[PDB]
Amino acid sequence: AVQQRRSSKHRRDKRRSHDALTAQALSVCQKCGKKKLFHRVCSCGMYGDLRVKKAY
Amino acid sequence: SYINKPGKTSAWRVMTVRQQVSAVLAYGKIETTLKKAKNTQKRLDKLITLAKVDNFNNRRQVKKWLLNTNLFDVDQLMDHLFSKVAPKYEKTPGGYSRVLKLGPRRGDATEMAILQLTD
Amino acid sequence: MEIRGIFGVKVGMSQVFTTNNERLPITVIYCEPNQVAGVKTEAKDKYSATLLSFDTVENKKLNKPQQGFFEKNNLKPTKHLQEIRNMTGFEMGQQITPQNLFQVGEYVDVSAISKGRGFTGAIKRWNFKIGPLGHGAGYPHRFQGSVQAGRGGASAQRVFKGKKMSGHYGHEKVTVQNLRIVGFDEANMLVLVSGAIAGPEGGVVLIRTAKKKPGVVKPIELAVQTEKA
Amino acid sequence: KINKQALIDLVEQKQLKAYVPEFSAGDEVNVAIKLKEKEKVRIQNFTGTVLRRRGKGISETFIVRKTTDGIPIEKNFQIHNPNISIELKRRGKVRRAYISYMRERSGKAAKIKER
Amino acid sequence: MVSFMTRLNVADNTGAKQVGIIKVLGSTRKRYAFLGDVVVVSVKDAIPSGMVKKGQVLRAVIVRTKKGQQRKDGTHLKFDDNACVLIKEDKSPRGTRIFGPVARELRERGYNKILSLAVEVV
RNA sequence: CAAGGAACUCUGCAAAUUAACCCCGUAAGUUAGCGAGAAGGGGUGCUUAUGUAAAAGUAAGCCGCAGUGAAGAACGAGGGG
RNA sequence: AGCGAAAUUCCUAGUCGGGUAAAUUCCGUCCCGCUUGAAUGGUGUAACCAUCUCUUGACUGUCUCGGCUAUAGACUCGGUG
RNA sequence: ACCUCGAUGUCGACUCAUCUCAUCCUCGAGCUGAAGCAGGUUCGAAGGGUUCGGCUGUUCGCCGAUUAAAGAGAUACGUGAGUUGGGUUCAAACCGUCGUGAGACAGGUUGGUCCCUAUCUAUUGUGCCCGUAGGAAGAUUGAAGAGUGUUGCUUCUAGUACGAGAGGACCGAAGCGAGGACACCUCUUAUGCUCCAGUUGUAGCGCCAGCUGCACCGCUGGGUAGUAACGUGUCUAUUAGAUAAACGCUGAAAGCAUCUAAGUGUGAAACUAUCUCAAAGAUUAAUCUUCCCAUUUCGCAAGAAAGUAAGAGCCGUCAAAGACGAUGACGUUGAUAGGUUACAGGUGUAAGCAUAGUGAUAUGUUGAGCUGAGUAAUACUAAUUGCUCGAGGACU
């Protein structure tokens, strides 16, 4: 359960080729700016049509 | 292994649910983790339906799912619920509340969501 | 040989008595009259088979290629299209009934999907044996045991292909043969089978003619209760 | 597409019987059983009190215990098996349905029965 | 299941009181000892006042099983004890009288001589 | 965790029946102290009254599937060195 | 002297008697006891041993025969690393 | 005395077992000092299998019982980046001896560790980028594979052929079996830790009732869904061909004779397929069907701005799926999950009241009360007034 050698740079880069972040959805914010993310509160301290949030 | 923290247990989760439903009954809005909110929503709907019957035995039943608060004691909060919360939801079958996703938690990126009232 | 089959879903399992006072376990499968998408002749598609379209849905719940080839053959909007080899008895767009496919007491086989266990150890996967926990065993109690292939400078020093290991289990289709057909219900599109049928709720079940028992039919007995008061 | 899973009882309708008296356990009943020795149908009476009534619909099973020659005989029976005759001799008061503290008791103790 | 050298009792006046299954008759690895099985046994205890003694090896037919078994009728005949009856190298018994209930499903397997001597047959 | 009940294993490693209170009882040998808590067993709740200082205790009734009802509980016998 | 295949004995898988359907384990028996054996003490010795050991009861997931649930880890994710 | 002692984990037990036949059984067959039964010898033959206990550390070995039979040789007499440390090679102490003694005994006893986060090849399932010949959806055939390809007992023909008598068959069929694999959740068990309970004490709910916290999930009695099996169901093929050993026919060698030289066959569980399952990265990137596009005009129109209209990805409801990925259904005209309601299910007549009671208590109100998950209708809440990729045929 031990390594006999080290890991090369380029094989490590090929290993890290899979490193990628998921794509976050894009949704239009009508009443305010900064178009939001789908199934999230809108930008403007509000879900989208209903305001009940603050950025404190 | 050796000694450690027990993390979360079913009794611990149900006690947390009791505390959170007590808080939401005191206020009407709770911001928590998505999983906790969606888990507590079903029990909240059950409690609302049981309270809309307006029976003292139902008060005894709901006693075992509430945690006391200085602002709203058990009797005070129960009376408030039976007075102005219960009658509003007789016409609607279920679905007395809505959960809306907030932003993620700073510490652990937990999906925060706010559960609040609707008709 | 010529293959007679039908599609259905296991909606439960129960037991039904028979004559001479013995019971028969019963798997109940909902069936449906399939609408034949096409029959592929050896002079038409180089080998005889039948592609059946079933699990009807709405046209707005249907893909454009699907509706295009359904209207090409003047079919109904359905969900699944599956091919059964060696099928010549019927033609395109024909509703099917179980009585014309199978008899009341013959033997047929059923292909059904297994219960998906996800990641499963090789212990349950091949019914292996687990070590003890007495007289001193340490951490390994449910362990691989011996896995050495070759020692020394070069004897095997490798794990060969396809060793019986852990991995995907269930969620795949197997076939069980020599199961006695019990009865049909055309009014409600239902069928009863004996033995043990794989498949969870909403699973896939395909009844075909038994290879070992092509046309042998046995006199299955029945029990009816007329004792009410 | 439209399913109910009530077909389980729909096919079961042809086997259900309604004569069955109210009994789950704690009731002393005798069961007459018809046995064909290829002829000359004999009647075997297997008396006793029911211990368990588990199952659903046609799957309901009830266990009857007798005590003959000192040996206790426990046999599970189905509702809708043919060649069986059921009845109710006497019943008592039921505080709990499932019982297993009776599969070991001795005699000289008349079980509690109501009028 | 059933252990090796599982102890069990007698059900008739054969001069014995305690016996132990030393081998299940037939092809080994069957590791199944249910009702109606005729198995090789060794007499753990036999009263000297009786006709048999301890230690001897013979073959006995089990009559009751504390686990019981499920039947193809759908009925589940279960007993609360494990015991057997002893045969004298034949289908005839040794005890003048046979005590305890017996099953009727061994009719095709002979032993009809003992069935009438038993107190009752299921 | 059923059924066995040491059949796995050199090997009851480990788990595991028992204990707490009361009523009993207890073999052989003994260097008279033991052995021995031998072994082996049985009983333990509530209510009513009687109990004395409370009770230990007694009787009557009431329930349970259970009454050291939940926390802590003695493993045993024989032999040789 | 006493004692003895004895932790001491190669012959041995000693002999025999018992256990054991089944015992290179065990208890006593005979004494050529290769080197038992008398303050290196010989012989037994009552009770006891976190002493070695055998047979054995109750009891059991050590075995048939593993599986189930709970958490913790793992797995996934943000941070540290 | 050969690479290797700046280490080549070695005894035994369990587990993986695998391979091979110089085959033990099952099988085909030849011959016999082979009446039958029961045999013996021999060739082919690895498809499959070849028992459990007591003893010694023990594979060795002994014994007992049992099966169609209870094979043998190999892998560091395989298997400690699997377990045990059991005797054997720990210190400790001792027995007998040896040696005047440091200690030793290829004699013995008492006991006495078993460290390790997987870098690479490889392997199991598993997704990701590309591409399969304009772009997708599927339907696939199957080049090439995997699994299985065990076997006994009772009865009938049969006390029959055989044999003489006595004794006792050959085939097939029926039933009974053992074994293991796969699948299953209705019968049966086990779990069933947000199900139903009786439930003691303590501390609280200002007290009673009735509850909560903790005492293992307090204890104990059960148990829905679910999970498993100790529960249930299938399996032990058949067929065609090539055939081994072997048995042949015709037929020459060598006019006879002759299974062989040509030819013509039968024939083994071994082999090919017939059986079960997957499968085109199967670069030979295979085949088919449908769908969508060809929207002025500018380099091969080569994106020129519209870059699919087919559909898919991001996001969510989700669980049948689910390590995570992936599979699948649904996304407001939405029946996807949750909620509500109705039903079931079991737990087991709920509290309160009334009656009776001096009191533990008993009955009626009531098979009532309840229920994580079983069955289904209602949009009641969330699945958004959302985004992206996704075609102008590369060449004939």
# chains A, B, ... in the order shown; residues from 1 in each chain; ligands from 1
$ closest_atom_pairs --of "chain H" --to "chain D" --cutoff "12 Å" --atoms "only C-alpha atoms (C1' of nucleotides)" --output "CSV"
residue,atom,partner,partner_atom,distance
H:186,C1',D:59,CA,6.4
H:187,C1',D:59,CA,7.9
H:188,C1',D:76,CA,10.0
H:196,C1',D:96,CA,11.0
H:197,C1',D:96,CA,9.2
H:198,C1',D:96,CA,9.4
H:221,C1',D:98,CA,8.2
H:222,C1',D:98,CA,6.4
H:223,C1',D:98,CA,9.6
H:224,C1',D:55,CA,11.0
H:335,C1',D:2,CA,11.8
H:343,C1',D:6,CA,10.5
H:344,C1',D:56,CA,9.2
H:345,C1',D:56,CA,7.5
H:346,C1',D:54,CA,8.6
H:347,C1',D:97,CA,8.0
H:348,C1',D:96,CA,5.7
H:349,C1',D:95,CA,8.8
H:362,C1',D:93,CA,11.6
H:363,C1',D:93,CA,11.3
H:367,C1',D:22,CA,9.7
H:374,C1',D:5,CA,9.9
H:375,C1',D:5,CA,6.4
H:376,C1',D:4,CA,6.2
H:377,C1',D:4,CA,11.0
$ interface_residues --of "chain C" --to "chain F" --cutoff "7 Å" --atoms "only C-alpha atoms (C1' of nucleotides)" --output "compact mmCIF listing (two decimals) with C-alpha atoms, in the first residue's frame"
# COMPACT_ATOMS: atom_id res chain seq x y z
CA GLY C 134 -13.59 -15.87 17.45
CA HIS C 135 -10.25 -17.03 18.85
CA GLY C 136 -8.63 -13.87 17.47
$ closest_atom_pairs --of "chain A" --to "chain H" --cutoff "9 Å" --atoms "only C-alpha atoms (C1' of nucleotides)" --output "tab-separated table"
residue	atom	partner	partner_atom	distance
A:1	CA	H:81	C1'	4.5
A:2	CA	H:118	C1'	6.4
A:3	CA	H:119	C1'	4.5
A:4	CA	H:119	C1'	6.8
A:5	CA	H:119	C1'	6.4
A:6	CA	H:119	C1'	6.3
A:7	CA	H:119	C1'	6.5
A:18	CA	H:128	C1'	7.5
A:22	CA	H:314	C1'	8.4
A:23	CA	H:314	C1'	5.8
A:24	CA	H:314	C1'	6.4
A:25	CA	H:314	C1'	5.3
A:26	CA	H:387	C1'	4.7
A:27	CA	H:386	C1'	4.2
A:28	CA	H:386	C1'	6.0
A:30	CA	H:385	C1'	7.8
A:36	CA	H:386	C1'	8.9
A:37	CA	H:386	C1'	8.1
A:38	CA	H:315	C1'	5.4
A:39	CA	H:315	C1'	6.3
A:48	CA	H:384	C1'	8.7
A:49	CA	H:385	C1'	8.2
$ select_by_dssp --residues "region 84-182 of chain C" --states "helix (DSSP H, G or I)" --output "JSON, numbers by chain"
{"C": [98, 99, 100, 101, 122, 123, 124, 125, 126]}
$ write_last_selection --atoms "N, CA and C atoms" --output "PDB file, in the first residue's frame"
ATOM      1  N   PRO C  98     -53.913 -12.458 -24.443  1.00  0.00           N
ATOM      2  CA  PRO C  98     -53.083 -13.534 -23.875  1.00  0.00           C
ATOM      3  C   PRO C  98     -53.571 -14.930 -24.218  1.00  0.00           C
ATOM      4  N   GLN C  99     -54.882 -15.117 -24.397  1.00  0.00           N
ATOM      5  CA  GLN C  99     -55.403 -16.447 -24.699  1.00  0.00           C
ATOM      6  C   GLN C  99     -54.920 -16.965 -26.047  1.00  0.00           C
ATOM      7  N   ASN C 100     -54.748 -16.088 -27.036  1.00  0.00           N
ATOM      8  CA  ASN C 100     -54.206 -16.485 -28.327  1.00  0.00           C
ATOM      9  C   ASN C 100     -52.695 -16.663 -28.306  1.00  0.00           C
ATOM     10  N   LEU C 101     -52.021 -16.201 -27.253  1.00  0.00           N
ATOM     11  CA  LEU C 101     -50.582 -16.380 -27.114  1.00  0.00           C
ATOM     12  C   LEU C 101     -50.231 -17.601 -26.275  1.00  0.00           C
ATOM     13  N   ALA C 122     -18.903  -8.616  -3.299  1.00  0.00           N
ATOM     14  CA  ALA C 122     -18.900  -9.926  -3.941  1.00  0.00           C
ATOM     15  C   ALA C 122     -19.468 -11.014  -3.043  1.00  0.00           C
ATOM     16  N   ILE C 123     -19.620 -10.740  -1.747  1.00  0.00           N
ATOM     17  CA  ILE C 123     -20.164 -11.712  -0.806  1.00  0.00           C
ATOM     18  C   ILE C 123     -21.593 -12.062  -1.203  1.00  0.00           C
ATOM     19  N   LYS C 124     -22.468 -11.055  -1.263  1.00  0.00           N
ATOM     20  CA  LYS C 124     -23.836 -11.297  -1.709  1.00  0.00           C
ATOM     21  C   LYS C 124     -23.906 -11.518  -3.213  1.00  0.00           C
ATOM     22  N   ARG C 125     -22.939 -10.984  -3.963  1.00  0.00           N
ATOM     23  CA  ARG C 125     -23.015 -11.032  -5.419  1.00  0.00           C
ATOM     24  C   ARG C 125     -22.843 -12.452  -5.946  1.00  0.00           C
ATOM     25  N   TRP C 126     -22.001 -13.260  -5.296  1.00  0.00           N
ATOM     26  CA  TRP C 126     -21.813 -14.651  -5.685  1.00  0.00           C
ATOM     27  C   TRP C 126     -22.097 -15.628  -4.549  1.00  0.00           C
TER      28      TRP C 126
END
$ residues_around --residues "residue 81 (chain B)" --least-positions-apart "6" --cutoff "12 Å" --atoms "only C-alpha atoms (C1' of nucleotides)" --output "mmCIF file with N, CA and C atoms, in the first residue's frame"
data_model
loop_
_atom_site.group_PDB
_atom_site.id
_atom_site.type_symbol
_atom_site.label_atom_id
_atom_site.label_comp_id
_atom_site.auth_asym_id
_atom_site.auth_seq_id
_atom_site.Cartn_x
_atom_site.Cartn_y
_atom_site.Cartn_z
ATOM 1 N N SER B 22 -41.479 24.816 16.749
ATOM 2 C CA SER B 22 -41.836 25.759 17.804
ATOM 3 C C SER B 22 -41.484 27.184 17.392
ATOM 4 N N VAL B 24 -41.076 28.397 14.326
ATOM 5 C CA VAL B 24 -41.885 28.868 13.203
ATOM 6 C C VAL B 24 -43.314 29.152 13.655
ATOM 7 N N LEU B 25 -43.818 28.385 14.624
ATOM 8 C CA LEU B 25 -45.125 28.695 15.189
ATOM 9 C C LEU B 25 -45.088 30.028 15.924
ATOM 10 N N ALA B 26 -43.973 30.316 16.598
ATOM 11 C CA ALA B 26 -43.818 31.612 17.247
ATOM 12 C C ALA B 26 -43.749 32.749 16.234
ATOM 13 N N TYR B 27 -43.117 32.520 15.083
ATOM 14 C CA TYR B 27 -42.880 33.578 14.107
ATOM 15 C C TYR B 27 -43.622 33.378 12.794
ATOM 16 N N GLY B 28 -43.426 32.243 12.126
ATOM 17 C CA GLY B 28 -44.000 32.011 10.818
ATOM 18 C C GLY B 28 -43.006 31.896 9.687
ATOM 19 N N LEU B 47 -49.369 19.183 11.792
ATOM 20 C CA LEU B 47 -49.736 19.914 13.001
ATOM 21 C C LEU B 47 -50.826 20.940 12.725
ATOM 22 N N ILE B 48 -50.748 21.637 11.588
ATOM 23 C CA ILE B 48 -51.780 22.612 11.245
ATOM 24 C C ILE B 48 -53.127 21.921 11.076
ATOM 25 N N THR B 49 -53.143 20.787 10.371
ATOM 26 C CA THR B 49 -54.399 20.064 10.181
ATOM 27 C C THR B 49 -54.948 19.544 11.506
ATOM 28 N N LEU B 50 -54.072 19.054 12.384
ATOM 29 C CA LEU B 50 -54.538 18.558 13.674
ATOM 30 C C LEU B 50 -55.045 19.692 14.558
ATOM 31 N N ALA B 51 -54.449 20.881 14.440
ATOM 32 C CA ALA B 51 -54.882 22.017 15.246
ATOM 33 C C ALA B 51 -56.179 22.616 14.717
ATOM 34 N N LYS B 52 -56.420 22.513 13.408
ATOM 35 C CA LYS B 52 -57.657 23.057 12.854
ATOM 36 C C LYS B 52 -58.898 22.309 13.324
ATOM 37 N N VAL B 53 -58.744 21.120 13.903
ATOM 38 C CA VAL B 53 -59.876 20.429 14.506
ATOM 39 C C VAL B 53 -60.368 21.155 15.757
ATOM 40 N N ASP B 54 -59.470 21.841 16.470
ATOM 41 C CA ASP B 54 -59.801 22.618 17.668
ATOM 42 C C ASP B 54 -60.406 21.724 18.755
ATOM 43 N N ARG B 59 -54.731 19.506 21.437
ATOM 44 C CA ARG B 59 -53.769 20.353 22.133
ATOM 45 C C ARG B 59 -52.777 19.509 22.924
ATOM 46 N N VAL B 62 -50.315 18.118 20.352
ATOM 47 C CA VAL B 62 -49.341 19.089 19.865
ATOM 48 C C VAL B 62 -48.416 19.559 20.977
ATOM 49 N N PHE B 72 -43.063 33.350 23.554
ATOM 50 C CA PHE B 72 -44.281 32.560 23.377
ATOM 51 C C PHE B 72 -44.156 31.290 24.212
ATOM 52 N N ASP B 73 -44.800 31.277 25.375
ATOM 53 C CA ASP B 73 -44.866 30.062 26.168
ATOM 54 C C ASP B 73 -45.745 29.029 25.463
ATOM 55 N N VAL B 74 -45.787 27.820 26.028
ATOM 56 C CA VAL B 74 -46.549 26.740 25.403
ATOM 57 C C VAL B 74 -48.028 27.107 25.323
ATOM 58 N N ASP B 75 -48.592 27.591 26.433
ATOM 59 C CA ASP B 75 -49.996 27.984 26.434
ATOM 60 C C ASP B 75 -50.234 29.185 25.529
ATOM 61 N N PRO B 87 -57.784 28.980 11.711
ATOM 62 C CA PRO B 87 -58.985 29.163 10.876
ATOM 63 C C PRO B 87 -58.698 29.541 9.432
ATOM 64 N N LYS B 88 -57.509 30.062 9.130
ATOM 65 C CA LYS B 88 -57.206 30.537 7.784
ATOM 66 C C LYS B 88 -57.053 29.409 6.771
ATOM 67 N N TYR B 89 -56.815 28.174 7.217
ATOM 68 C CA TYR B 89 -56.390 27.113 6.314
ATOM 69 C C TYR B 89 -57.388 25.965 6.210
#
$ residues_around --residues "residue 150 (chain H)" --least-positions-apart "3" --cutoff "9 Å" --atoms "only C-alpha atoms (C1' of nucleotides)" --output "VMD selection string"
chain H and resid 26 48 to 49 179 to 180 236
$ write_last_selection --atoms "C-alpha atoms (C1' of nucleotides)" --output "PDB file, in the first residue's frame"
ATOM      1  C1'   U H  26     -20.267 -39.924 -13.174  1.00  0.00           C
ATOM      2  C1'   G H  48     -19.046 -31.556 -13.482  1.00  0.00           C
ATOM      3  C1'   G H  49     -17.919 -33.186  -8.474  1.00  0.00           C
ATOM      4  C1'   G H 179     -25.545 -30.161  -4.232  1.00  0.00           C
ATOM      5  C1'   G H 180     -24.765 -25.268  -5.911  1.00  0.00           C
ATOM      6  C1'   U H 236     -29.422 -30.431 -13.912  1.00  0.00           C
TER       7        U H 236
END
$ residues_around --residues "region 201-203 of chain C" --least-positions-apart "4" --cutoff "8 Å" --atoms "only C-alpha atoms (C1' of nucleotides)" --output "list in words"
residues 9, 10, 11, 12, 112 and 113 of chain C; 320 of chain H
$ closest_atom_pairs --of "chain E" --to "chain H" --cutoff "8 Å" --atoms "only C-alpha atoms (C1' of nucleotides)" --output "tab-separated table"
residue	atom	partner	partner_atom	distance
E:1	CA	H:230	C1'	6.7
E:23	CA	H:65	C1'	7.5
E:25	CA	H:66	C1'	7.9
E:26	CA	H:67	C1'	7.4
E:27	CA	H:67	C1'	5.1
E:28	CA	H:51	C1'	5.5
E:29	CA	H:51	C1'	6.6
E:30	CA	H:178	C1'	5.9
E:69	CA	H:188	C1'	8.0
E:70	CA	H:188	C1'	6.7
E:74	CA	H:187	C1'	6.0
E:75	CA	H:187	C1'	7.9
E:76	CA	H:188	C1'	7.7
$ residues_around --residues "region 63-71 of chain G" --least-positions-apart "2" --cutoff "9 Å" --atoms "only C-alpha atoms (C1' of nucleotides)" --output "ChimeraX atom specification"
/B:6-10 /C:129-130,132 /E:1-3,31 /F:6-8 /G:61 /H:190-193,227-230
$ residues_around --residues "residue 246 (chain H)" --least-positions-apart "3" --cutoff "12 Å" --atoms "only C-alpha atoms (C1' of nucleotides)" --output "ChimeraX atom specification"
/H:28-31,42-44,243,259,266-268
$ select_by_dssp --residues "region 51-110 of chain B" --states "strand (DSSP E or B)" --output "MDAnalysis selection string"
chainID B and resid 97:104
$ closest_residue --among "C:149, C:92, C:6, C:154" --to "chain H" --atoms "only C-alpha atoms (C1' of nucleotides)"
C:149
